[PDB]
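Novice: Enclosed are the sequence and the experimentally obtained structure.
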Amino acid sequence: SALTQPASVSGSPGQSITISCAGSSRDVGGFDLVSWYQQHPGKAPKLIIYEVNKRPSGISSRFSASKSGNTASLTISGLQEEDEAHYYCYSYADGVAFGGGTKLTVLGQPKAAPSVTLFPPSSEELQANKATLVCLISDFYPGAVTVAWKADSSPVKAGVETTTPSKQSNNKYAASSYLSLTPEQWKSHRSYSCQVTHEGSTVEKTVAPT
Amino acid sequence: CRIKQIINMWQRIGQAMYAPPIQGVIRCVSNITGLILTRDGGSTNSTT
Amino acid sequence: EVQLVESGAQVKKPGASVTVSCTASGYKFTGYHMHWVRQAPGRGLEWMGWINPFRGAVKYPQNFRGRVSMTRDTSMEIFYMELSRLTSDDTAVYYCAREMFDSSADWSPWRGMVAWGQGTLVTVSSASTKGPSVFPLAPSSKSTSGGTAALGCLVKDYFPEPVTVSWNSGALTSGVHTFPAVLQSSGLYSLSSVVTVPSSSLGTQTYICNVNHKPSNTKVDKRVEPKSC
Ligand SMILES: *[C@@H]1O[C@H](CO[C@@H]2O[C@@H](C)[C@@H](O)[C@@H](O)[C@@H]2O)[C@@H](O[C@@H]2O[C@H](CO)[C@@H](O[C@@H]3O[C@H](CO[C@H]4O[C@H](CO)[C@@H](O[C@@H]5O[C@H](CO)[C@@H](O[C@@H]6O[C@H](CO)[C@H](O)[C@H](O)[C@H]6O)[C@H](O)[C@H]5NC(C)=O)[C@H](O)[C@@H]4O[C@@H]4O[C@H](CO)[C@@H](O[C@@H]5O[C@H](CO[C@]6(C(=O)O)C[C@H](O)[C@@H](NC(C)=O)[C@H]([C@H](O)[C@H](O)CO)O6)[C@H](O)[C@H](O)[C@H]5O)[C@H](O)[C@H]4NC(C)=O)[C@@H](O[C@@H]4O[C@H](CO)[C@@H](O)[C@H](O)[C@H]4NC(C)=O)[C@H](O[C@H]4O[C@H](CO)[C@@H](O[C@@H]5O[C@H](CO)[C@@H](O)[C@H](O)[C@H]5NC(C)=O)[C@H](O)[C@@H]4O[C@@H]4O[C@H](CO)[C@@H](O[C@@H]5O[C@H](CO[C@]6(C(=O)O)C[C@H](O)[C@@H](NC(C)=O)[C@H]([C@H](O)[C@H](O)CO)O6)[C@H](O)[C@H](O)[C@H]5O)[C@H](O)[C@H]4NC(C)=O)[C@@H]3O)[C@H](O)[C@H]2NC(C)=O)[C@H](O)[C@H]1NC(C)=O
Ligand SMILES: *[C@@H]1O[C@H](CO)[C@@H](O[C@@H]2O[C@H](CO)[C@@H](O[C@@H]3O[C@H](CO[C@H]4O[C@H](CO[C@H]5O[C@H](CO)[C@@H](O)[C@H](O)[C@@H]5O)[C@@H](O)[C@H](O)[C@@H]4O)[C@@H](O)[C@H](O[C@H]4O[C@H](CO)[C@@H](O)[C@H](O)[C@@H]4O[C@H]4O[C@H](CO)[C@@H](O)[C@H](O)[C@@H]4O)[C@@H]3O)[C@H](O)[C@H]2NC(C)=O)[C@H](O)[C@H]1NC(C)=O
């Protein structure tokens, strides 16, 4: 998307937060046309701000926005649970230019380390003409991580599949991943690994056949 | 070119119009004094 | 009031074509622009074009031009949209939206999108009916620090999606994180669900994963039990 937004913003209920829409002078700076939309998960997007600052009929007075030069801003006061949702900044550069979208959450929860576990494909699969591995992670915060796959050392990028995080009952999230191989490729290699890194700190796992 | 007799022009519904056919070869000569155009969209930056 | 109502979710083969409608009501139909926007799962908004109902004036964007056929029926007040040459990348949820200020005479706008369609899910996958082989994810001894254990099962080589995974016929809901069914590179789907169980119970409790695939009619309940060494 041609407009730059934060990936995620967390704030304590009741505070004020600012979401930035930053771009060239083609859209934010040279136009008043920036607009913002709320989207509840699983439901259609809903307009919130337009004209760089405007509220359509029936928007809570706590919401507002602005544009500073080539950077446009959004602001929500009086935060409430109804405001936990996706927000996208739109502005017109000759087309329809959007933002990447930003997730809203609750803040105050301390930083947390990932939890990883890994298992080899069972003989029930190894006799099925398939070899599939699953790497599982849960209970962390804040929710930005990266996972990779290293066969021995040299990387192998083939056969990777990943879900989308889901906030669990503990205020933390969870996800999984899957890797498809062949029983030839499973029994030929020495091992397979699942690696994790957070804010400059690294975690790793591994399994093997039998 | 194509000819159409039934015409709703200016789109107003509830009332249409039919243009009776004209006998024989029709010919009209016109002189083109003007144009109307639209533009495309962002596409690629300063390209075409 | 006004309403934007679209067609239903469709499941099609790749390389085919798909049409999606939108039916507006409660306003002046011929005088109100209609945007169309698809959103891929987890992605941002992707604007696919607009159709002025007045005589049918249309403007599309660059990346979507040539696969997009958008029309409207001014008599029956139904907007249409079409996408052809179906690819797995064309699987998304498609919306229709109206611009803020309209009329029958003068115009403006660009920015406005207020009334939004409910969305229509178009799926593109090349796989077929195949019974899944389901297998346990069995905790190890080195995977226990503090006296707990995590486990689960995988549903792979099953098409189409999804497969729900419960635990012990509904007797264990705690620590259960079921994960979304995601497409493999082959098209046979895959997913998993975990649970958190104590280590002191590793011999005193049975943990089963109930894995149900309706279309392929292979339902495999795989008991997750300790790997004997
Ligand atoms: C089309 O259309 C479109 C749109 O449309 C749409 O769509 C459609 C469909 C429909 O729908 C419709 O409707 C829609 O709309 C459009 O668009 C567009 O676009 C464009 C482009 O893009 C853009 O533009 C941009 O803009 C911006 C901003 O904006 C804003 O503003 C505006 C204005 O401006 C507005 O609007 C309007 O306008 C108009 C005009 O236009 C006006 O009018 C006017 O008036 C005036 C008076 O006033 C006069 O009269 C005149 O004449 C007229 O015209 C009006 O007014 C307006 N409106 C209003 C309402 O107002 C807008 O809107 C916006 O917003 C706004 O704002 C505001 C304010 O903010 C507001 O409010 C207001 O306020 C006021 C005041 O108040 C008071 C207060 O505040 O309160 C009062 C008080 O009492 C006080 N206080 C006390 C205490 O006392 C205060 C004070 O005073 C203060 O504070 C002071 O500050 O105040 C009042 O009140 C009022 O009433 C109010 O209102 C409002 O509200 C708002 N509104 C809204 C939101 O809505 C701009 O900016 C500007 O800038 C300037 C500069 O100068 C300044 O001056 C000014 O001021 C500013 N402004 C203001 C306002 O502020 C810009 O400009 C700039 O940039 C550009 C670019 O970027 C450029 O351009 C160029 O041009 C040329 C010529 O033309 C050409 O050729 C070229 O090509 C170009 N380029 C390009 C690239 O493009 C310009 O020019 C400028 O720039 C510049 O340039 C120059 C030249 O070149 C240069 O010079 C140079 O220089 C060199 C070197 O240098 C240097 C120096 O400077 O020296 C060097 C050194 O060294 C350095 N330094 C260091 C330390 O280092 C320096 C540095 O670097 C720097 O600075 C940095 O930057 O540098 C050598 O030297 C050589 O030589 C020379 O030359 C210079 O530099 C430059 N600068 C700069 C860069 O910066 C532009 O303009 C637009 O915007 C749009 N629009 C819309 C609407 O969006 C279109 O256009 C059509 N088309 C046809 C064709 O048309
Ligand atoms: C003596 O005086 C009293 C008081 O002055 C008279 O009482 C009047 O009685 C009228 C009926 O006899 C009644 O008329 C209906 O008004 C409805 C309300 O219209 C307003 O609100 C709607 C919707 O807003 C609602 O929701 C929003 C947001 O959620 C809220 O903010 C609002 O508070 C409302 O809760 C707006 O859309 C309007 O613009 C108005 O602001 C009308 O909906 C209704 O019209 C519907 O039926 C019509 C007849 O068929 C139809 O033509 C029209 O299109 C409407 O149809 C509805 O459903 C269709 C379904 O397809 C949909 O397409 C339409 O969009 C629409 O939703 C009536 O007009 C008056 O409200 C009532 N009060 C007043 C102040 O006038 C009393 O009659 C009078 N006695 C005599 C003898 O005259």
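Specialist: Yep, that arrived. Residues are numbered from 1 along each chain as shown, chains lettered A, B, ... in the order given. Ligands and ions are numbered 1, 2, ... in the order given.
Novice: quick one, strands of chain B?
Specialist: B:6-7, B:17-18 (DSSP state E).
Novice: Relative to chain C, which of those strands is closest?
Specialist: strand B:6-7 (12.8 Å; Cβ to the nearest Cβ). Using the backbone N, CA and C atoms, a C-beta is placed for each residue, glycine as well.
Novice: Describe which strands the closest one pairs with in its sheet and in which direction.
Specialist: strand B:17-18 (antiparallel) (DSSP bridges).
Novice: which stretch among the strands of chain B comes nearest residue A:34?
Specialist: With Cβ to Cβ, the closest approach to residue A:34 among those belongs to strand B:6-7: 43.4 Å.
Novice: hang on, the earlier thing: for the strands of chain B, could you give me JSON lines that also reports distance to ligand 2?
Specialist: Shown next, in JSON lines, are the strands of chain B (distance: least, Cβ to the nearest ligand atom, whole Å):
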{"stretch": "strand B:6-7", "distance to ligand 2": "31"}
{"stretch": "strand B:17-18", "distance to ligand 2": "30"}
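Novice: tell me the contacts of residue A:106?
Specialist: Taking Cβ atoms under 8 Å, 6 or more residues apart in numbering or on different chains as the criterion, residue A:106 is in contact with A:10, A:11, A:12, A:13, A:84, A:171.
Novice: so the closest residue to the fifth one other than its chain neighbours bridges to which residues?
Specialist: This means residue A:84. Take residue A:84 and drop its neighbours on the chain: the residue closest to it by Cβ to Cβ, 6 or more residues apart in numbering or on different chains is residue A:104, 5.1 Å away. Counting by DSSP bridges, residue A:104 forms beta bridges with residue A:9.
Novice: Look up how far residue C:88 lies from residue A:104.
Specialist: Plainly put, residue A:104 is 30 Å away from residue C:88 if you go by Cβ to Cβ, to the nearest Å.
Novice: More neighbours: those two, which one.
Specialist: residue A:104 (18 against 13; other Cβ atoms under 10 Å in any protein chain shown).
Novice: For the residue in chain C positioned nearest to ligand 1, grab the count of nearby residues.
Specialist: Across chain C, the shortest distance to ligand 1 (Cβ to the nearest ligand atom) belongs to residue C:108, at 4.5 Å. Applying other Cβ under 10 Å, we find 11 residues neighbouring residue C:108.
Novice: Quick check: it is in a helix.
Specialist: No. Residue C:108 sits outside any helix when classified using DSSP: H, G, I helix; E, B strand; the rest coil, being coil.
Novice: Correct me if wrong: it contacts residue A:51.
Specialist: No. With contacts defined as Cβ atoms under 8 Å, residue C:108 does not count as touching residue A:51, sitting 11.5 Å away.
Novice: Which residue, other than its chain neighbours, is closest to the residue of chain C closest to ligand 1?
Specialist: That would be residue C:101: by Cβ to Cβ, 6+ apart, it lies 5.9 Å from residue C:108.
Novice: Next, work out how far apart the one you found and residue C:148 are.
Specialist: From residue C:101 to residue C:148 the distance is 59 Å (Cβ to Cβ).
Novice: Spit out the contact partners of the residue in chain A that chain B sits nearest to.
Specialist: For chain A and chain B, the shortest gap (Cβ to the nearest Cβ) falls at residue A:95, measuring 3.8 Å. By Cβ under 8 Å, 6+ apart, residue A:95 lies in contact with B:41, B:42, B:43, C:47, C:61, C:62.
Novice: Roughly how far does the residue of chain C closest to ligand 1 sit from ligand 2?
Specialist: 22 Å (Cβ to the nearest ligand atom, to the nearest Å).
Novice: same question, residue A:144
Specialist: Residue A:144 is 39 Å from ligand 2, by Cβ to the nearest ligand atom.
Novice: mind checking the end-to-end distance for stretch A:57-66?
Specialist: 18 Å (Cα to Cα, to the nearest Å).
Novice: Would you state the helices of chain A in chain order?
Specialist: Counting by DSSP state H, one finds helices in chain A at the ranges A:123-126, A:183-188.
Novice: Which stretch among those helices is buried most, on average?
Specialist: Mean neighbour counts were compared across those using mean count of other Cβ atoms under 10 Å in any protein chain shown; the top stretch is helix A:123-126, at a mean of 16.
Novice: contact partners of it?
Specialist: A:131, A:132, A:183, A:186, C:133, C:134, C:135, C:156, C:222.
Novice: Close to chain B: what parts of chain A are there?
Specialist: A:2, A:93, A:94, A:95, A:97 (Cβ under 8 Å from any Cβ of the partner chain).
Novice: which of those residues count as buried?
Specialist: A:2, A:93, A:95, A:97 (16 or more other Cβ atoms under 10 Å in any protein chain shown).
Novice: Let me have the residues you listed in JSON lines, extended by distance to ligand 2.
Specialist: JSON lines is the format used below for those (distance: Cβ to the nearest ligand atom, whole Å):
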{"residue": "A:2", "distance to ligand 2": "35"}
{"residue": "A:93", "distance to ligand 2": "34"}
{"residue": "A:95", "distance to ligand 2": "32"}
{"residue": "A:97", "distance to ligand 2": "31"}
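Novice: Pick out the most distant pair among the residues you listed.
Specialist: A:2 and A:95 (8.2 Å).
Novice: Can you pull the residues that touch both of the two?
Specialist: Joint contacts of residue A:2 and residue A:95 (Cβ under 8 Å, 6+ apart) are residue B:42.
Novice: Does residue A:66 touch residue A:53 like I think?
Specialist: Yes. The pair residue A:66 / residue A:53 is scored as a contact, 5.3 Å apart, by Cβ under 8 Å.
Novice: ok, the two, which is more surrounded?
Specialist: The neighbour count for residue A:66 versus residue A:53, taken as other Cβ under 10 Å, is higher for residue A:53 (19 against 15).
Novice: Mind telling me which residue of chain B is nearest ligand 1?
Specialist: Taking Cβ to the nearest ligand atom, chain B has residue B:39 as its residue nearest ligand 1, at 12.0 Å.
Novice: Run through the residues that contact the closest residue to residue A:19 other than its chain neighbours.
Specialist: Closest residue to residue A:19 apart from its sequence neighbours, by Cβ to Cβ, 6+ apart: residue A:74 at 4.0 Å. Residue A:74 sits next to A:18, A:19, A:20, A:21, A:36, A:48, A:49, A:64, A:65, A:87, A:89 when contact means Cβ under 8 Å, 6+ apart.
Novice: Can I get those residues in CSV including distance to residue A:150?
Specialist: Shown next, in CSV, are the contacts of residue A:74 (distance: Cβ to Cβ, whole Å):
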residue, distance to residue A:150
A:18, 40
A:19, 37
A:20, 36
A:21, 38
A:36, 41
A:48, 44
A:49, 45
A:64, 48
A:65, 45
A:87, 37
A:89, 38
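Novice: Any chance of a PyMOL selection covering the buried ones in those residues?
Specialist: Buried residues within the contacts of residue A:74, by 16+ other Cβ under 10 Å, are selected in PyMOL with:
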select buried, chain A and resi 19+20+21+36+48+49+64+65+87+89
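Novice: Greatest separation within the contacts of residue A:74: which pair is it?
Specialist: A:20 and A:48 (15.1 Å).
Novice: Can you pull the residues of chain A lying near ligand 1?
Specialist: A:25, A:30, A:31, A:32 (Cβ under 6 Å from any ligand atom).
Novice: Please pick the buried ones from those residues.
Specialist: If we count by 16+ other Cβ under 10 Å, the residues of chain A next to ligand 1 have these buried: A:31, A:32.
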